[PDB]
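Just target_32.pdb here, PDB, C-alpha atoms:
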ATOM      1  CA  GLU A  69    -125.603 -39.710 -16.365  1.00  0.00           C
ATOM      2  CA  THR A  70    -128.787 -38.282 -17.879  1.00  0.00           C
ATOM      3  CA  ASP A  71    -129.160 -36.280 -21.090  1.00  0.00           C
ATOM      4  CA  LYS A  72    -132.090 -34.149 -22.250  1.00  0.00           C
ATOM      5  CA  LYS A  73    -132.044 -33.643 -26.020  1.00  0.00           C
ATOM      6  CA  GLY A  74    -134.337 -34.223 -28.984  1.00  0.00           C
ATOM      7  CA  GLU A  75    -132.377 -36.595 -31.208  1.00  0.00           C
ATOM      8  CA  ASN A  76    -133.625 -38.967 -33.907  1.00  0.00           C
ATOM      9  CA  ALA A  77    -135.373 -41.406 -31.571  1.00  0.00           C
ATOM     10  CA  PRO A  78    -138.803 -43.076 -31.264  1.00  0.00           C
ATOM     11  CA  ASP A  79    -141.553 -42.228 -28.778  1.00  0.00           C
ATOM     12  CA  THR A  80    -143.872 -43.883 -26.258  1.00  0.00           C
ATOM     13  CA  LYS A  81    -147.606 -44.137 -25.580  1.00  0.00           C
ATOM     14  CA  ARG A  82    -147.173 -41.361 -23.016  1.00  0.00           C
ATOM     15  CA  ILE A  83    -148.795 -37.990 -23.704  1.00  0.00           C
ATOM     16  CA  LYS A  84    -147.807 -34.337 -23.331  1.00  0.00           C
ATOM     17  CA  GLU A  85    -150.868 -32.267 -22.424  1.00  0.00           C
ATOM     18  CA  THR A  86    -154.341 -33.314 -21.276  1.00  0.00           C
ATOM     19  CA  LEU A  87    -155.537 -32.249 -24.725  1.00  0.00           C
ATOM     20  CA  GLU A  88    -153.805 -35.388 -25.993  1.00  0.00           C
ATOM     21  CA  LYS A  89    -156.758 -37.470 -24.805  1.00  0.00           C
ATOM     22  CA  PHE A  90    -158.972 -35.256 -26.966  1.00  0.00           C
ATOM     23  CA  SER A  91    -159.489 -35.460 -30.729  1.00  0.00           C
ATOM     24  CA  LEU A  92    -159.705 -32.683 -33.320  1.00  0.00           C
ATOM     25  CA  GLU A  93    -163.305 -33.541 -34.203  1.00  0.00           C
ATOM     26  CA  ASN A  94    -164.058 -32.510 -30.620  1.00  0.00           C
ATOM     27  CA  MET A  95    -162.011 -29.306 -30.730  1.00  0.00           C
ATOM     28  CA  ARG A  96    -164.103 -26.272 -31.672  1.00  0.00           C
ATOM     29  CA  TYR A  97    -163.897 -22.475 -31.558  1.00  0.00           C
ATOM     30  CA  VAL A  98    -165.719 -21.152 -28.493  1.00  0.00           C
ATOM     31  CA  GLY A  99    -164.347 -17.626 -28.256  1.00  0.00           C
ATOM     32  CA  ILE A 100    -161.274 -15.542 -27.470  1.00  0.00           C
ATOM     33  CA  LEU A 101    -159.310 -14.278 -24.468  1.00  0.00           C
ATOM     34  CA  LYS A 102    -157.508 -11.012 -23.724  1.00  0.00           C
ATOM     35  CA  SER A 103    -153.710 -11.071 -23.516  1.00  0.00           C
ATOM     36  CA  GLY A 104    -152.422  -7.670 -22.448  1.00  0.00           C
ATOM     37  CA  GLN A 105    -152.667  -5.983 -25.841  1.00  0.00           C
ATOM     38  CA  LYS A 106    -153.700  -8.852 -28.114  1.00  0.00           C
ATOM     39  CA  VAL A 107    -156.429 -11.436 -28.703  1.00  0.00           C
ATOM     40  CA  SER A 108    -155.967 -15.180 -28.219  1.00  0.00           C
ATOM     41  CA  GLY A 109    -158.136 -17.879 -29.764  1.00  0.00           C
ATOM     42  CA  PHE A 110    -160.120 -19.827 -27.179  1.00  0.00           C
ATOM     43  CA  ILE A 111    -160.743 -23.439 -28.191  1.00  0.00           C
ATOM     44  CA  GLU A 112    -162.621 -26.131 -26.269  1.00  0.00           C
ATOM     45  CA  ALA A 113    -162.288 -29.912 -26.514  1.00  0.00           C
ATOM     46  CA  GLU A 114    -165.129 -32.051 -25.163  1.00  0.00           C
ATOM     47  CA  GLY A 115    -165.731 -29.815 -22.161  1.00  0.00           C
ATOM     48  CA  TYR A 116    -162.050 -28.942 -21.844  1.00  0.00           C
ATOM     49  CA  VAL A 117    -161.377 -25.217 -22.213  1.00  0.00           C
ATOM     50  CA  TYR A 118    -157.932 -24.118 -23.388  1.00  0.00           C
ATOM     51  CA  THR A 119    -156.898 -20.803 -24.939  1.00  0.00           C
ATOM     52  CA  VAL A 120    -154.146 -20.294 -27.515  1.00  0.00           C
ATOM     53  CA  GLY A 121    -152.278 -17.349 -29.003  1.00  0.00           C
ATOM     54  CA  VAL A 122    -149.764 -16.419 -31.690  1.00  0.00           C
ATOM     55  CA  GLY A 123    -147.430 -19.407 -31.635  1.00  0.00           C
ATOM     56  CA  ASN A 124    -149.219 -21.937 -29.439  1.00  0.00           C
ATOM     57  CA  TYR A 125    -150.353 -25.566 -29.414  1.00  0.00           C
ATOM     58  CA  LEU A 126    -153.810 -27.020 -30.051  1.00  0.00           C
ATOM     59  CA  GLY A 127    -155.799 -29.763 -31.752  1.00  0.00           C
ATOM     60  CA  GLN A 128    -155.295 -33.495 -31.267  1.00  0.00           C
ATOM     61  CA  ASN A 129    -152.162 -34.742 -33.026  1.00  0.00           C
ATOM     62  CA  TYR A 130    -149.869 -31.722 -33.329  1.00  0.00           C
ATOM     63  CA  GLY A 131    -151.588 -28.420 -34.046  1.00  0.00           C
ATOM     64  CA  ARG A 132    -149.830 -25.062 -33.841  1.00  0.00           C
ATOM     65  CA  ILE A 133    -151.586 -21.689 -33.940  1.00  0.00           C
ATOM     66  CA  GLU A 134    -149.904 -18.782 -35.722  1.00  0.00           C
ATOM     67  CA  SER A 135    -152.620 -16.302 -36.694  1.00  0.00           C
ATOM     68  CA  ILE A 136    -155.608 -15.332 -34.550  1.00  0.00           C
ATOM     69  CA  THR A 137    -158.300 -12.954 -35.799  1.00  0.00           C
ATOM     70  CA  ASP A 138    -161.743 -11.943 -34.541  1.00  0.00           C
ATOM     71  CA  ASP A 139    -164.016 -14.949 -35.048  1.00  0.00           C
ATOM     72  CA  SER A 140    -161.220 -16.727 -36.919  1.00  0.00           C
ATOM     73  CA  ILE A 141    -157.978 -18.577 -36.195  1.00  0.00           C
ATOM     74  CA  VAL A 142    -155.254 -19.879 -38.509  1.00  0.00           C
ATOM     75  CA  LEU A 143    -153.217 -22.864 -37.322  1.00  0.00           C
ATOM     76  CA  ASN A 144    -151.201 -25.728 -38.807  1.00  0.00           C
ATOM     77  CA  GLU A 145    -152.403 -29.197 -37.813  1.00  0.00           C
ATOM     78  CA  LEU A 146    -149.794 -31.949 -38.121  1.00  0.00           C
ATOM     79  CA  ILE A 147    -150.966 -35.503 -38.797  1.00  0.00           C
ATOM     80  CA  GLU A 148    -149.504 -38.667 -40.317  1.00  0.00           C
ATOM     81  CA  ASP A 149    -150.251 -39.166 -44.014  1.00  0.00           C
ATOM     82  CA  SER A 150    -149.291 -41.272 -47.032  1.00  0.00           C
ATOM     83  CA  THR A 151    -145.836 -39.741 -46.596  1.00  0.00           C
ATOM     84  CA  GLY A 152    -145.423 -42.069 -43.633  1.00  0.00           C
ATOM     85  CA  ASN A 153    -144.834 -39.121 -41.313  1.00  0.00           C
ATOM     86  CA  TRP A 154    -146.797 -36.367 -39.572  1.00  0.00           C
ATOM     87  CA  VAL A 155    -147.443 -33.725 -42.231  1.00  0.00           C
ATOM     88  CA  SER A 156    -148.312 -30.114 -41.409  1.00  0.00           C
ATOM     89  CA  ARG A 157    -151.601 -28.756 -42.751  1.00  0.00           C
ATOM     90  CA  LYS A 158    -152.484 -25.066 -42.475  1.00  0.00           C
ATOM     91  CA  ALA A 159    -156.177 -24.411 -41.846  1.00  0.00           C
ATOM     92  CA  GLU A 160    -158.238 -21.384 -40.815  1.00  0.00           C
ATOM     93  CA  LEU A 161    -161.358 -22.028 -38.736  1.00  0.00           C
ATOM     94  CA  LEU A 162    -164.124 -19.478 -38.168  1.00  0.00           C
ATOM     95  CA  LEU A 163    -166.082 -18.991 -34.942  1.00  0.00           C
ATOM     96  CA  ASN A 164    -169.083 -21.325 -35.089  1.00  0.00           C
ATOM     97  CA  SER A 165    -171.339 -18.761 -33.415  1.00  0.00           C
ATOM     98  CA  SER A 166    -175.133 -19.017 -33.501  1.00  0.00           C
ATOM     99  CA  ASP A 167    -175.459 -18.080 -37.173  1.00  0.00           C
ATOM    100  CA  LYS A 168    -177.606 -21.042 -38.218  1.00  0.00           C
ATOM    101  CA  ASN A 169    -180.034 -20.526 -41.100  1.00  0.00           C
ATOM    102  CA  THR A 170    -183.474 -21.547 -39.839  1.00  0.00           C
ATOM    103  CA  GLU A 171    -185.658 -19.437 -42.128  1.00  0.00           C
ATOM    104  CA  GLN A 172    -189.354 -20.196 -42.611  1.00  0.00           C
ATOM    105  CA  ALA A 173    -190.244 -22.867 -45.168  1.00  0.00           C
ATOM    106  CA  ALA A 174    -193.097 -24.985 -46.522  1.00  0.00           C
ATOM    107  CA  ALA A 175    -194.535 -27.255 -43.830  1.00  0.00           C
ATOM    108  CA  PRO A 176    -197.381 -29.788 -43.477  1.00  0.00           C
ATOM    109  CA  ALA A 177    -200.173 -27.421 -42.446  1.00  0.00           C
ATOM    110  CA  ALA A 178    -203.103 -25.378 -43.753  1.00  0.00           C
ATOM    111  CA  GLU A 179    -203.638 -21.617 -43.588  1.00  0.00           C
ATOM    112  CA  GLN A 180    -206.729 -19.413 -43.348  1.00  0.00           C
ATOM    113  CA  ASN A 181    -205.644 -16.612 -45.682  1.00  0.00           C
TER     114      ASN A 181
END
Take the structure I supplied and represent it as structure tokens, if you would.
Amino acid sequence: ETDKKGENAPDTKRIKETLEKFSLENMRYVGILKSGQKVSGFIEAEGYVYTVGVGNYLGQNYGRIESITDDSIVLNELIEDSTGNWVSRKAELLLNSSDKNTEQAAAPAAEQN
């Protein structure tokens, strides 16, 4: 006899999705994907490209996406803490597009005028 339920039991070293081998520090916002009549947040992890939408999974430990806006995504990342158990942490990341600030500045050189 075999049963398939989620009771109060431990776990193993096994993993769920390939994203398990990836860490959060690697996960970053690359873009978004169309989903019929909505927009899903596209996140990449060390080369890996996986999209997520309202009510999806992401991150390293246990991240769940709930809100997804243009150039922004709100999800709750779950990770073990002082509580001795994986604690949920809501966080909203913004698209890290090419918006760097490389304005001109003083440099080691001489001018003519």
Kindly resolve the PyMOL selection byres ((chain A and resi 98) around 6) on the present coordinates and return the residues as a ChimeraX atom specification.
-> /A:97,99,110-111
Kindly provide the residues of region 83-104 of chain A that approach region 142-159 of chain A to within 12 Å, each paired with its closest atom pair and their distance in Å to one decimal, based on only C-alpha atoms, listed by chain and increasing number, as JSON lines.
{"residue": "A:91", "atom": "CA", "partner": "A:147", "partner_atom": "CA", "distance": 11.7}
{"residue": "A:92", "atom": "CA", "partner": "A:145", "partner_atom": "CA", "distance": 9.3}
{"residue": "A:95", "atom": "CA", "partner": "A:145", "partner_atom": "CA", "distance": 11.9}
{"residue": "A:97", "atom": "CA", "partner": "A:142", "partner_atom": "CA", "distance": 11.4}
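In this comparison, which uses only C-alpha atoms, the residue of A:121, A:74, A:79, A:171 approaching residue 100 (chain A) most closely is A:121.
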Nearby residues (only C-alpha atoms) at most 10 Å from residue 108 (chain A), same-chain spacing under 4 positions excluded, as a PDB file with C-alpha atoms, in the coordinates of the input:
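out.pdb, written as the output of this step:
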ATOM      1  CA  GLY A  99    -164.347 -17.626 -28.256  1.00  0.00           C
ATOM      2  CA  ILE A 100    -161.274 -15.542 -27.470  1.00  0.00           C
ATOM      3  CA  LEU A 101    -159.310 -14.278 -24.468  1.00  0.00           C
ATOM      4  CA  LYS A 102    -157.508 -11.012 -23.724  1.00  0.00           C
ATOM      5  CA  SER A 103    -153.710 -11.071 -23.516  1.00  0.00           C
ATOM      6  CA  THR A 119    -156.898 -20.803 -24.939  1.00  0.00           C
ATOM      7  CA  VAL A 120    -154.146 -20.294 -27.515  1.00  0.00           C
ATOM      8  CA  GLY A 121    -152.278 -17.349 -29.003  1.00  0.00           C
ATOM      9  CA  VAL A 122    -149.764 -16.419 -31.690  1.00  0.00           C
ATOM     10  CA  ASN A 124    -149.219 -21.937 -29.439  1.00  0.00           C
ATOM     11  CA  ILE A 133    -151.586 -21.689 -33.940  1.00  0.00           C
ATOM     12  CA  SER A 135    -152.620 -16.302 -36.694  1.00  0.00           C
ATOM     13  CA  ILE A 136    -155.608 -15.332 -34.550  1.00  0.00           C
ATOM     14  CA  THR A 137    -158.300 -12.954 -35.799  1.00  0.00           C
ATOM     15  CA  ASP A 138    -161.743 -11.943 -34.541  1.00  0.00           C
ATOM     16  CA  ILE A 141    -157.978 -18.577 -36.195  1.00  0.00           C
TER      17      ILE A 141
END
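CA of residue 69 (chain A) is positioned 24.4 Å from CA of residue 83 (chain A).
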Find the smallest box with edges along x, y and z containing every listed atom of region 87-98 of chain A, then add 3 Å on each side and report centre and edge lengths in Å to one decimal, as AutoDock Vina command-line options.
--center_x -159.8 --center_y -29.3 --center_z -29.5 --size_x 17.9 --size_y 22.3 --size_z 15.5
So which residues get picked by the PyMOL selection byres ((chain A and resi 116) around 9) here, written as JSON, numbers by chain?
-> {"A": [86, 87, 90, 95, 111, 112, 113, 114, 115, 117, 118]}
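As for CA of residue 109 (chain A) and CA of residue 140 (chain A), they are spaced 7.9 Å apart.
Proximity of A:96, A:84, A:177, A:105 to residue 165 (chain A), computed with only C-alpha atoms, is greatest for A:96.
The interatomic distance for the pair CA of residue 93 (chain A) and CA of residue 170 (chain A) works out to 24.1 Å.
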Would you please work out which residue, of A:126, A:181, A:139, A:82, is nearest to residue 163 (chain A) when using only C-alpha atoms?
-> A:139
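Minimum atom-to-atom distance to residue 127 (chain A), evaluated using all atoms listed in the file, belongs to A:94 out of A:169, A:70, A:94, A:80.
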